[PDB]
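Engineer: Structure incoming, see below.
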Amino acid sequence: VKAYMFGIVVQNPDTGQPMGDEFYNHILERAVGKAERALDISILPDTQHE
Amino acid sequence: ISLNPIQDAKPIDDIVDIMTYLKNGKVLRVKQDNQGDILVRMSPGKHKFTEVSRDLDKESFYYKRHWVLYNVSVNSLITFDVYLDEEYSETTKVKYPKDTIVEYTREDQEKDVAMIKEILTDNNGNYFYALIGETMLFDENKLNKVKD
Amino acid sequence: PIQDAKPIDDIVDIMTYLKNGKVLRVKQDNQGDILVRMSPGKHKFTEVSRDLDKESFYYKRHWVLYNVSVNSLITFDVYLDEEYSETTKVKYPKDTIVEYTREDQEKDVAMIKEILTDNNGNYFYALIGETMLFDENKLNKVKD
Amino acid sequence: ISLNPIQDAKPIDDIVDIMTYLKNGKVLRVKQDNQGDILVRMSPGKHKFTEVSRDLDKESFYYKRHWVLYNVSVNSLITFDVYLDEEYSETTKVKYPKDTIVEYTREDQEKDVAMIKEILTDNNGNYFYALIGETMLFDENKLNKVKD
Amino acid sequence: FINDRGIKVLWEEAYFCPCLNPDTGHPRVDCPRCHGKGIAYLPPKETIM
Amino acid sequence: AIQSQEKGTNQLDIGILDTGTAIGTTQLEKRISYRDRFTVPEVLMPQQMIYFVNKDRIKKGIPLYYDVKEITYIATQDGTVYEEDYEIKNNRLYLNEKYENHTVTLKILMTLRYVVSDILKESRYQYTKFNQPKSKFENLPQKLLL
Amino acid sequence: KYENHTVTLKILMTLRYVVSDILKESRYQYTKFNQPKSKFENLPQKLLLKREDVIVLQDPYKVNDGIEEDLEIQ
Amino acid sequence: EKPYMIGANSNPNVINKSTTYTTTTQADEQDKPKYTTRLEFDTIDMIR
Amino acid sequence: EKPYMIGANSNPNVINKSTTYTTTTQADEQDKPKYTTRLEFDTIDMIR
Ligand SMILES: [Zn+2]
């Protein structure tokens, strides 16, 4: 994510804090989830009892 | 049917214990008069130096504090009250802290001043106040503060 | 050995001595030496002096307020003012870049680890990584 | 399981060899303090004159350097370090170049200063450092530099 | 804004030296605090202006 | 409201002197007069001064040229001075016997003050009639040169 | 060698100033928005500065810090 | 478990609030920052 | 052959960066150019 934002730093304006990696993981998990519906797929490997 | 007493954040007066805690690396919180409340820390590792952060909350998995190098002054520590960040918290911003002299109305319609020796809380989050010389615990509305 | 230096290690001891009110001497880099002091009376705050010589009928120290930084204290060397020695008459100071030759006739650089002398005034020097002593001539002062 | 040692770009101090190389036509690279890094060249053919280019990369089939006439000064050469453009390169911008005195922690917990005599690299592109008096090659993180 | 457009500068406050002659009201030619000028100075304070 | 505040210093044979122009604007219905006086407790002004002590001034108390709100810094030939050695009462200063023939200097903060040295664009007027039972006369703000 | 010779120098010196007057000296704001209570803030002064030529004093003796500039951290 | 409801107000009434004056002190402080865009001249273009 | 992946960051942390001061020197230099449009008066039209 940072690489595609090369040259941009996401930082609070009133304090020097940058947003942590955990937020990115949380977003990424929702990004892969949204994709898994948007094309009707199962993308990560998982075992199914059907 | 209540919650046990809650300790107040003891201010630290002696500079020696402040420096000892800092050398141990325990975080300190400094109430600057002019520009608000800040955290103070000693850098880990060999390159020792003091650091400051205004990420003014308890550290959390989702909220990691960022530390900037700063040349903290001795006089700043001495003149400004300092607290251990493990204690100072939003949990209880009691209107009448411990050891504060407050004015309370007695049953004989005679106002008396007593020093709060113990404070606790209950299910509703109320602030029960204990006053020296009396056993019954007063409430927030009954009491009053006298300043200067 | 020589009794010309007794540096303080812990900042806690420094603060303890400051509470006792004893004066301190704080070195600088390419800059004048400093004396530091805690003000007396009701209000406690640090004070500094650019003067160094002992107080006397003909010489009095001048003190003013300053927001001394703990970084200076922890980093720079500190001594008790009363017990400080002005100079040890040796060619090379302690913690100075020097060059020498190893036992196998191999040249190597190092810093001075200890400064020593005999009873006759002959000065011996010990380098880092070298347990043996070195003559003043055998050493070489490396240029910055 | 490594790559052989990499030579550092030797600065040229003697003006005589600089002028001889220039007369031979070999390219020179001048590190100007104020306005960056430039190339210097002698014009081919009979009309001899010095030329400058800021096309600051190795010549390539897809990237041909453009040369402008300039009155290069002797003092500029003397006061500014100059390198052969065949050597000076991005390949290895090592933090601790050869002949540099660096501070390294020994196994006895005693910090010593030694001069880097040899430097090499491995598959990962790491910078293995050789220090006089020791055979084991140190790593980038372990070492430290002392300036002034 | 000020920190942006300013330049780093050392601010040292001014105060009359004690060395002033009590009778003439004019200063000593040379003393450590003030070099002939009748006004001494405090330690500097780093500032952007 | 106050504008253009100036601490104009003139250095002369009699000494230094502080004098400057400050332009003020009042509310409505207020009719200021020549040499009226204003004081702004909020705003403090730094001044510096020096006095010479003798065996007589030590007991009477030093009469200060300025007023006092609080003292920033005191000094003498022997160095600084602490709160244990000096006191101020009724805008005059007392010292202990240690400084019988010493000099003393002070950096001092005092309240900002002004006097009306002229009244300028003195009256502005409006017959306000809209949304009134009858015509009414209102005096608009004066401008003061303080 | 230069006992009775003349000597001349082209020299670089630090810029210096003194406050010869304070101008538009105080500007004020009762800042109240997004505050628990009304607060008074002093806005910037304007200074009329004067150069130091007739009398020159050396640069002030600032207390140095032992923090190395441009220090690597890891 | 229980539904989350607004409930009643808790702020008490305050009368005659006085202004805050910044206290003078010789002690050091730290200047609270704002991190944002910076404006600069194109000095290269100035040379041009 | 292998897929090209971003991998990890390599930039180390730096603290207390000091400003760069242009060094005074009597030696010659070369003024780094910018090639771009030039503005000029229409002197012929000025004559007119
Ligand atoms: Zn003087």
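By order in the structure tokens, chains are A, B, ...; within a chain, residues start at 1; ligands start at 1, following the order shown.
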Give me, as a PyMOL selection string, the set of residues whose atoms come within 10 Å of any atom of ligand 1, counting only C-alpha atoms and all ligand atoms.
Structural biologist: (chain E and resi 16-21+27-41) or (chain F and resi 77)
Engineer: Could you give me, as JSON, numbers by chain, the residues within 10 Å of residue 58 of chain G, counting only C-alpha atoms and dropping anything in the same chain fewer than 2 positions from it?
Structural biologist: {"E": [35], "G": [14, 56, 60, 61]}
Engineer: For residue 117 of chain B, please output as a ChimeraX atom specification all residues within 12 Å (counting only C-alpha atoms; exclusion window: fewer than 3 positions along the same chain).
Structural biologist: /B:5,7-8,96-102,114,120,128-135,137
Engineer: Store the residues of this selection in a file with C-alpha atoms, as a PDB file, in the first residue's frame.
Structural biologist:
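Written output follows (out08.pdb):
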```pdb
ATOM      1  CA  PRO B   5     -12.145   2.901  46.597  1.00  0.00           C
ATOM      2  CA  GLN B   7      -6.656   5.713  44.223  1.00  0.00           C
ATOM      3  CA  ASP B   8      -5.824   9.244  43.120  1.00  0.00           C
ATOM      4  CA  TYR B  96     -13.056  17.187  45.184  1.00  0.00           C
ATOM      5  CA  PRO B  97      -9.820  15.146  45.244  1.00  0.00           C
ATOM      6  CA  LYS B  98      -8.355  13.497  48.308  1.00  0.00           C
ATOM      7  CA  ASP B  99      -6.811  15.717  51.004  1.00  0.00           C
ATOM      8  CA  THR B 100      -8.926  18.639  49.733  1.00  0.00           C
ATOM      9  CA  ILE B 101     -10.638  20.787  52.360  1.00  0.00           C
ATOM     10  CA  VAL B 102     -14.347  21.021  51.519  1.00  0.00           C
ATOM     11  CA  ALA B 114     -13.319  18.916  56.688  1.00  0.00           C
ATOM     12  CA  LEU B 120     -14.955   5.624  46.518  1.00  0.00           C
ATOM     13  CA  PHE B 128     -18.947   8.930  47.809  1.00  0.00           C
ATOM     14  CA  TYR B 129     -16.861  11.183  50.063  1.00  0.00           C
ATOM     15  CA  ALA B 130     -15.483  10.336  53.510  1.00  0.00           C
ATOM     16  CA  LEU B 131     -14.846  13.231  55.905  1.00  0.00           C
ATOM     17  CA  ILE B 132     -12.811  13.098  59.103  1.00  0.00           C
ATOM     18  CA  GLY B 133     -14.912  12.873  62.257  1.00  0.00           C
ATOM     19  CA  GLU B 134     -17.952  11.376  60.494  1.00  0.00           C
ATOM     20  CA  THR B 135     -18.807   7.865  59.312  1.00  0.00           C
ATOM     21  CA  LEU B 137     -20.352   9.180  53.335  1.00  0.00           C
TER      22      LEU B 137
END
```
Engineer: For residue 23 of chain F, work out the shell of residues within 8 Å, counting only C-alpha atoms and skipping chain neighbours fewer than 2 positions away, then give it as an NGL selection string.
Structural biologist: :F and (2-5 or 21 or 25 or 143-146)
Engineer: Restrict the selected residues to C-alpha atoms and save them as a PDB file, in the first residue's frame.
Structural biologist:
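Written out: result_38.pdb:
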```pdb
ATOM      1  CA  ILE F   2      -6.920  49.908  20.248  1.00  0.00           C
ATOM      2  CA  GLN F   3      -4.518  50.106  17.295  1.00  0.00           C
ATOM      3  CA  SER F   4      -1.055  51.226  16.190  1.00  0.00           C
ATOM      4  CA  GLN F   5       0.354  50.989  19.738  1.00  0.00           C
ATOM      5  CA  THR F  21       0.912  57.107  19.829  1.00  0.00           C
ATOM      6  CA  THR F  25     -12.079  53.527  19.059  1.00  0.00           C
ATOM      7  CA  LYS F 143     -11.535  57.955  17.620  1.00  0.00           C
ATOM      8  CA  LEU F 144      -8.967  58.757  20.338  1.00  0.00           C
ATOM      9  CA  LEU F 145      -5.250  59.529  19.963  1.00  0.00           C
ATOM     10  CA  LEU F 146      -3.822  57.961  23.130  1.00  0.00           C
TER      11      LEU F 146
END
```
Engineer: List the spatial neighbours of segment 5-19 of chain H as a list in words - criterion: any atom at most 7 Å away, only C-alpha atoms, same-chain residues fewer than 2 positions off excluded.
Structural biologist: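 My reading of the contact set: residues 37, 38, 39 and 40 of chain G; 3 and 21 of chain H.
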Engineer: Could you name the residues that touch residue 28 of chain H at 7 Å or less, counting only C-alpha atoms, but leaving out those on the same chain fewer than 6 positions away, as a PyMOL selection string?
Structural biologist: (chain B and resi 73+76) or (chain C and resi 67)
Engineer: Selection from above, C-alpha atoms, as a short mmCIF file (atom, residue, chain, number, x, y, z; two decimals), in the first residue's frame, can you write it?
Structural biologist:
```cif
data_model
loop_
_atom_site.label_atom_id
_atom_site.label_comp_id
_atom_site.auth_asym_id
_atom_site.auth_seq_id
_atom_site.Cartn_x
_atom_site.Cartn_y
_atom_site.Cartn_z
CA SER B 73 14.73 20.78 31.17
CA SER B 76 10.43 22.15 33.77
CA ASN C 67 17.18 25.75 31.26
#
```
Engineer: Once chain H is fitted onto chain I by least squares over all its in-order Cα atoms, send the moved chain as an mmCIF file with C-alpha atoms, in the first residue's frame.
Structural biologist:
```cif
data_model
loop_
_atom_site.group_PDB
_atom_site.id
_atom_site.type_symbol
_atom_site.label_atom_id
_atom_site.label_comp_id
_atom_site.auth_asym_id
_atom_site.auth_seq_id
_atom_site.Cartn_x
_atom_site.Cartn_y
_atom_site.Cartn_z
ATOM 1 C CA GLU H 1 11.662 -15.840 -13.492
ATOM 2 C CA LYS H 2 10.542 -15.269 -9.918
ATOM 3 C CA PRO H 3 7.677 -12.779 -9.484
ATOM 4 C CA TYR H 4 8.704 -9.205 -8.713
ATOM 5 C CA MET H 5 7.497 -8.242 -5.224
ATOM 6 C CA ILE H 6 7.892 -5.010 -3.277
ATOM 7 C CA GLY H 7 9.399 -6.558 -0.126
ATOM 8 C CA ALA H 8 10.460 -4.641 2.960
ATOM 9 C CA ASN H 9 11.567 -1.056 3.543
ATOM 10 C CA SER H 10 15.253 -0.177 3.875
ATOM 11 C CA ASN H 11 15.412 3.503 4.902
ATOM 12 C CA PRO H 12 16.924 3.923 8.398
ATOM 13 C CA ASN H 13 15.789 6.472 10.955
ATOM 14 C CA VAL H 14 17.685 9.760 11.267
ATOM 15 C CA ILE H 15 17.426 12.250 14.136
ATOM 16 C CA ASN H 16 18.543 15.880 14.500
ATOM 17 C CA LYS H 17 19.266 16.646 10.845
ATOM 18 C CA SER H 18 21.243 19.881 10.495
ATOM 19 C CA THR H 19 20.861 22.372 7.665
ATOM 20 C CA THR H 20 23.254 22.624 4.727
ATOM 21 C CA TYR H 21 25.283 25.836 4.391
ATOM 22 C CA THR H 22 26.787 26.716 1.017
ATOM 23 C CA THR H 23 30.556 26.736 1.501
ATOM 24 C CA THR H 24 32.519 29.851 0.586
ATOM 25 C CA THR H 25 35.378 29.161 -1.821
ATOM 26 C CA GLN H 26 37.359 31.199 -4.338
ATOM 27 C CA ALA H 27 37.361 28.290 -6.805
ATOM 28 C CA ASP H 28 35.322 28.376 -10.008
ATOM 29 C CA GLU H 29 32.062 26.492 -10.564
ATOM 30 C CA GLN H 30 29.466 25.905 -13.285
ATOM 31 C CA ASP H 31 25.937 27.310 -12.999
ATOM 32 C CA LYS H 32 23.419 24.496 -13.474
ATOM 33 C CA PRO H 33 21.025 25.606 -16.264
ATOM 34 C CA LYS H 34 17.340 25.451 -17.050
ATOM 35 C CA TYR H 35 16.360 25.452 -20.743
ATOM 36 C CA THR H 36 12.879 26.918 -21.257
ATOM 37 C CA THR H 37 10.869 29.713 -22.887
ATOM 38 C CA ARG H 38 12.208 33.280 -22.952
ATOM 39 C CA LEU H 39 10.155 36.495 -22.828
ATOM 40 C CA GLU H 40 11.154 39.515 -24.947
ATOM 41 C CA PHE H 41 9.703 42.810 -26.116
ATOM 42 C CA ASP H 42 8.500 43.292 -29.698
ATOM 43 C CA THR H 43 11.037 46.040 -30.373
ATOM 44 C CA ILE H 44 9.785 46.445 -33.954
ATOM 45 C CA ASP H 45 6.328 47.170 -32.568
ATOM 46 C CA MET H 46 7.955 49.524 -30.047
ATOM 47 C CA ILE H 47 9.410 51.483 -32.984
ATOM 48 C CA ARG H 48 5.924 51.561 -34.511
#
```
Engineer: Could you list, as a ChimeraX atom specification, the residues of chain D having an atom within 8 Å of chain I when counting only C-alpha atoms?
Structural biologist: /D:32-35,72-73,75-76,79
